[PDB]
Amino acid sequence: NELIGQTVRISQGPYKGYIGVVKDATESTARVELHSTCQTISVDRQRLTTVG
Amino acid sequence: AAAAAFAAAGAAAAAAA
Amino acid sequence: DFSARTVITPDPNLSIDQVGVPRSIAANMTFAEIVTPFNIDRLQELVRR
Amino acid sequence: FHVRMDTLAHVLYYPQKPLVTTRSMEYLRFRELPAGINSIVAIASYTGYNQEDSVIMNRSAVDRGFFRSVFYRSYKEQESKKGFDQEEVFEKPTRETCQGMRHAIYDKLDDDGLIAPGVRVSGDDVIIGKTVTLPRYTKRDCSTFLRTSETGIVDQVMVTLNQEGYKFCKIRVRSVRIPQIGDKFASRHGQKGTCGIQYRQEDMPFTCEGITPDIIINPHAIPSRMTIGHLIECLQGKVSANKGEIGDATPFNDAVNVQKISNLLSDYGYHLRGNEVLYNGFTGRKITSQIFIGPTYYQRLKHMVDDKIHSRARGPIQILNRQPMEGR
Amino acid sequence: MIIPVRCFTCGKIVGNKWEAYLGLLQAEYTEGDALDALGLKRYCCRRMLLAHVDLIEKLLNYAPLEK
Amino acid sequence: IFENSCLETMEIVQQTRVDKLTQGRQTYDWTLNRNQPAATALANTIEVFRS
Amino acid sequence: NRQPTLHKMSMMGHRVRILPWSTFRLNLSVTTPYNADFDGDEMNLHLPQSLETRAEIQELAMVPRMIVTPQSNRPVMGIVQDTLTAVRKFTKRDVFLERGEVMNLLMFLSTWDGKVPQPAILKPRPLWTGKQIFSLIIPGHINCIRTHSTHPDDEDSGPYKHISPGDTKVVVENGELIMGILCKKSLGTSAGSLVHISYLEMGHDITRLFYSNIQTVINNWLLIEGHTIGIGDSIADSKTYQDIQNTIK
Amino acid sequence: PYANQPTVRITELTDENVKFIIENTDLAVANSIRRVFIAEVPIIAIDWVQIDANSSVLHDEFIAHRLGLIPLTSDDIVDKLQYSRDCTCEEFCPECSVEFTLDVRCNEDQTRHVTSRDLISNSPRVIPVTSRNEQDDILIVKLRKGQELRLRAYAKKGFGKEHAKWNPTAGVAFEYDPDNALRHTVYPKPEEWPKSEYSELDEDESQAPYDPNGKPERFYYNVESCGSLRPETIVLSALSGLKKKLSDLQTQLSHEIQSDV
Amino acid sequence: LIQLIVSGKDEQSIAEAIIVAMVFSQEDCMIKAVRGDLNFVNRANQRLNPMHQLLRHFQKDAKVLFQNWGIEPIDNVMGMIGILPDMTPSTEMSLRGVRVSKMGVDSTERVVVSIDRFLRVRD
Amino acid sequence: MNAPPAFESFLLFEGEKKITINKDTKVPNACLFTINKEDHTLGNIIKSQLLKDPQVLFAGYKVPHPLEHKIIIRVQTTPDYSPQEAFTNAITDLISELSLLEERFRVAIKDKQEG
Amino acid sequence: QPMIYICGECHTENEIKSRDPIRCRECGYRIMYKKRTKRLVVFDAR
RNA sequence: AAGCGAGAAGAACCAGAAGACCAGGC
Ligand SMILES: [Mg+2]
Ligand SMILES: [Zn+2]
Ligand SMILES: [Zn+2]
Ligand SMILES: [Zn+2]
């Protein structure tokens, strides 16, 4: 997929502001690898905002 | 059987995707 | 297969017959549930999930 | 430790020298490289989440860096030119030329084949892109991935030449480990235990003044084990913290006993036996039994739960017998 | 390593007290008088200042990676 | 009002063809310095542009 | 399971209750069969992959079915540590609970009919006793007689045998704690204890309920009362010090 | 069948702490007030950091955590600012966050002490407490000749329940019934215990006589502020926060009753 | 909208029924869910029927309406699986007060009535 | 690795009823108020304020588990009263208490600042 | 393509291409370190 | 009830050591 591997910024919801990398992407829910914590989370793709 | 007497408006919905 | 291991921890808020399993172990382990008209909906939602 | 590229290294954020010190530590240099933190420990039964040799930690203290540590892991690899038939080389693998590329993404690597410091890496991610020429064609991927379920950040990367003059890289990954449920902590008296639960400062009990215990240990761990040194340490520690000195806990010293320590503690407006009136943090009501509380030097042990948790469901198997593998 | 910012127990700021504490020790104060002069009354804050080992000053003796 | 109108104009601009300019009458034809039917002037301008 | 698997009770069936942190959280009474302490112990977990195996575990190896052991025809698990000490101090004669405290402890009674008992003391203030609340904890109408650890042998021979001055001679009648201070002799793995009689007269499910109730209610009351240990408990009067010194001399 | 009529008496008020007494109130209310003083009073604390360069001996997570624990002036602005989660903006804006920046390089031979004085904020109302014009500046990191530290932080509005950095108190000395009249504690040797500062008894006495008709009243408090909020503003914000929590709960309750009504 | 139980044959019919019920409820979130260019007066400035205008607008697009309506916890209600805003069936969560029944529940009867002097019709 | 986010303690995950009312069948005029994302801060005050109500026969609260962030309040009243009405009056009274305490604290602060 | 490295002895930034022996052009030191990544490094101060 | 210009889809799309030894928790 095109989104996998890019660095995304969670722009809405409780995780707003967290930078991460998309490990697996889907039409609806992407999997973000959070840079600030040691964990991977499932977040809706409308909340994401691509960085660069 | 089940029938609509008079259906106004355009109908359908773009939410289904 | 279908085994796990980790440190144990007290939990007075559990019955004697209960065990508190973390979500990582619970996600990594699976149980082959047969599909039936009674659980077809739940199992479909879990597959779509 | 920043210069050493060790395979396994644990560094505590805020080491402290023990308030209750023996006169031999000055020669062990324990004051210069301490291995623990003085914790305001309260020996009490709170919500029974510390029973059977377990402890309750203060979530707010952990939020302030109490016993927080960092785990450094060094991965080493080198390019061997063992023969003209096949040669290894560090280079960013590509799907059209490399054969055995795992489904993990190789974008975190640089064109040199080595990841850069400051990069976030999770389990099964690739950190050294190495390819070996074959006799999807003419080259197989033999890259070095992270150990499974590590989830660290690349601390530094070093490149040099080994004895044979081939390229050699070392990658030190860093993972910040916050003390959580399951981590082992131990005093200097064998009173070891795992963190049963973490309560916030608002939920922990407190003295007449705003002092909540950083740790709560179960009183049942004292009688059978007979670690009276632990209680005397907590008392000498309360006296040292209130007096502004370092308690002398040299083993055989008649100049320091429990009665002298109690008198010194009674001079600072505390119960001579270290007990103190505590208030239930959930209801604010006083606790009928005056709890014993004071500073005790605790240590965090390398045995964390994140390095021990394991699960399996139809994973890889051995070759001779088609049975599951051995080890996390 | 470096003096913590808050006291782990109560939360009182202690990060700005390390230099003053050292200046008092060099000013011939006792550790107790110094901790009182700094306004550290709870023995938890006194623990923070009295049990600290400033290792950062020794880590700064090693040359950096970049000049 | 401005936002919705702008989006509607956006879609019109996307889906509007050159043939729309054929409507209208007595359009000045710069190539001939005289008024010509809109379609004729459009055709002359297109031919000149192509050349 | 926990290794070494010595006896059949070292690996019993449990129901999974997903909880957030990365440890296997166990109830405290089920720690005696495994011989497991929480000082860094690790325990394995095997998930049955079939309805047949699931039914076998649910009908043969469940912890309630594993309460009493055939090795010594007595319970293998029982109340421990904080719970045991707190029940010991909670069933004392001088334990009196206020309306609000009683209400909270009742809130921690799964097997509660929602009916508040008449307080032992009506005037001047309504007060319930620890043995009253524990009477509610006791399931069914089990009848048991035990003796406290501090019971003197000459009491049963002399007067007051049926009205113990020290609140010894644990007596439970009609599933109510008439008198007596509960201890390891009454709530331990010893045969004939309240736990054992509960397992015999009532179902394994009832006994599991009685375990959970004891732990929850007692732990909350203990949260109120408190328990600790320190120098004060290890210090004896100068008189005793002198006596010991003379004895050693 | 209705509420009580509590009173208040402040016995000491300074820029560091506030010592007061609440009378004619229930112990549950006083304990909840203390818990709000500790965990549910919103303040401004750095909660987002972007390290553009860090050559110091302390890793990025260490610098981030240390900046997070630096208290920021939140006296009157915290009521204006909203939560980043509730703000409908992009990453940040002045309505939901306060930008900070740090750029230090040790060019001299002496060790450079990166302190809270180096945190430059975009809003003059939110500045480090040590920076509000006594107390010295908090030390973030020491730098050696040739080392550099450059970052860009953002402060957010939060409370203690989220992280200890959002706890505005440095100790809440809550006490009640100094003389053990209610006997909520049972001193095995009452003569061995010291007297509370709020105690009113002769030195020959150890504790007041038992009061069967007694109820916990006259709760004493000593709220020491960390610097973010004024000691009295902590109390006002706590009472207002608890009243807002109860009001929202009442709204949800009414919506649930009318769900079935 | 206290409760709604739909039995549409296909997802499109279910969506139509849900939207019609949503508009018929006249709920504030329904009204506030209007987005884009919706005019309640024609080119002659004659007042249109607001209910019909809302029906037309939401039938044109209902993503916003479903997003802003709310989700309610749902248990394992036999033969009443919940529906989510994305139109996929769900068991644990559903639109507030909306359930989908597979029993094909399916009134026409003409009941004789008595009408009084003031045109009040009573059965 | 499994650490729940800190915001889980107060923030509702999604489509979560802040408060749920379940009629208790064991005894009449009794109910269970299951409040999500709350703790002893409100459970204790609500319990106390309900105990102050003479028409309330039972008023208690519990936290089923510290890791979970839910709370259960059981309320039983006399037949002429109702548990929902009791819970509503208890909250109204707590609100009045906080309003009055805040006003008197502002007054005390002003009096102390002046002299 | 440039792959700028840092030296362990003099800390001189020298460009080194693949298949090139590791050696500091300024002092001959053989131990090199990679430079900090250019990616976005963000940490919640928690 | 509303009602003021047109649409539809060429091509084709993963990896095993193994053994020994040492330290360590339980
Ligand atoms: Mg053990
Ligand atoms: Zn402190
Ligand atoms: Zn904003
Ligand atoms: Zn060099």
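(A) Representation of the coordination of the zinc ion (ligand 2). Residues and elements named next belong to chain E. Surrounding the zinc ion (ligand 2) are the protein donor atoms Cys 7 (SG), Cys 10 (SG), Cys 44 (SG) and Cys 45 (SG), at 2.3 Å. Coordination at the zinc ion (ligand 2) is tetrahedral: its four donor atoms span angles of 98 to 118 degrees at the metal. The sequence motif formed by the donor residues of the zinc ion (ligand 2) is C-x2-C-x33-C-C. A residue pair is termed long-range when its members are at least 10 positions apart, and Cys 10 in the segment before α1 (18–26) and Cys 45 in helix α3 (residues 43–50) qualify at 35 residues. Assessed through its relative accessible area of 0%, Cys 10 is described here as buried. When its relative accessible area of 1% is taken as the criterion, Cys 45 is described as buried.

(B) Structural context of the UniProt feature "binding site: Zn(2+)" (unreviewed entry) in chain E. As recorded in UniProt, the feature "binding site: Zn(2+)" (unreviewed entry) lies at E:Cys7, E:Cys10, E:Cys44 and E:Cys45. Spanning 39 residues, the annotated positions come together in the fold, the maximum distance between their C-alpha atoms being 7.8 Å. Mapped onto the elements of the fold, E:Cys44 is located in helix α3. Among all residues touching E:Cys44, those that are not within four sequence positions of it are D:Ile40, D:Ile211, E:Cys7, E:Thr9 and E:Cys10.

(C) Representation of the protein's contact with RNA strand L in the model. Close to RNA strand L lie 21 residues, the nearest being D:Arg102, D:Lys192, F:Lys20, G:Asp41 and I:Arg56. Put simply, 63% of the atoms of RNA strand L that lie within 4 Å of the protein are in sugar or phosphate. Measuring from a sugar or linking oxygen of RNA strand L, one finds a side-chain N or O atom of D:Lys184 at 3.4 Å. Measuring from a phosphate oxygen of RNA strand L, one finds a side-chain N or O atom of D:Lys192 at 2.5 Å. Of the residues that constitute the surface near RNA strand L, the class distribution is five nonpolar, six polar and 10 charged.

(D) Examining the arrangement of the chains more closely. Contacts between protein chains span 24 pairs of chains, and they are most numerous for chains C and G. Over all C-alpha pairs, chain A and chain C never come within contact, reaching a minimum spacing of 10 Å. You won't find any contact between chain A and chain E; their C-alpha atoms come no closer than 20 Å.

(E) Up close: the coordination of the zinc ion (ligand 3). Residue and element names in this part refer to chain H. Ligation of the zinc ion (ligand 3) by protein atoms is provided by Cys 87 (SG), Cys 89 (SG), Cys 93 (SG) and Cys 96 (SG), these donors lying 2.3 Å from the ion. The site at the zinc ion (ligand 3) holds four donor atoms, and with the angles between them running 105 to 112 degrees, its shape is tetrahedral. Read from N- to C-terminus, the donor residues coordinating the zinc ion (ligand 3) fall into the pattern C-x1-C-x3-C-x2-C. The class of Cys 87 is buried, set by a relative accessible area of 9%. Given a relative accessible area of 0%, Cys 96 falls into the buried group.

(F) Structural view of the pairing of strand β15 (residues 192–199) of chain D. Residue and element names in this part refer to chain D. Summarising burial for β15: seven of the eight residues are buried, a large majority. Pairing geometry for strand β4 (residues 54–58) and β15, over five bridges, is parallel. Each residue of the ladder has a partner; that of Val 55, found in β15, is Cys 195. Across three bridges, strand β14 (residues 184–187) lies against β15 in antiparallel orientation. Paired with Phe 185 across the strands is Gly 193, a residue of β15. Counting the residues between successive antiparallel strands, the hairpin from β14 to β15 contains four residues, one of them, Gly 190, with a positive phi of roughly 80 degrees.

How each quantity is defined
- Residues numbered from 1 in each chain as written, not as in the entry; some residues may be left out.
- Chains lettered and ligands numbered in written order.
- Part of a larger assembly, values for the part shown.
- Heavy atoms only, no water.
- Donors = N, O, S within 2.8 Å, 3.2 Å for Na, K, Ca; no water.
- Tetrahedral: all angles 85-135°; square planar, octahedral: opposite > 155°, others 65-115°.
- Helix = DSSP H or I, 4+ residues; strand = E, 2+ residues; numbered from the N terminus.
- Buried < 20%, exposed > 50% of the residue type's maximum accessible area, 1.4 Å probe, protein only.
- UniProt positions renumbered as here; feature names shortened; annotations may be inferred.
- Contact = heavy atoms within 4.5 Å.
- Near = heavy atom within 4 Å.
- Polar contact = N/O pair within 3.5 Å; in protein donor to acceptor, adjacent residues only side chain to side chain.
- Nonpolar A, V, L, I, M, F, W, Y, C, P; charged D, E, K, R; others polar.
- Pairing = 2+ DSSP bridges.

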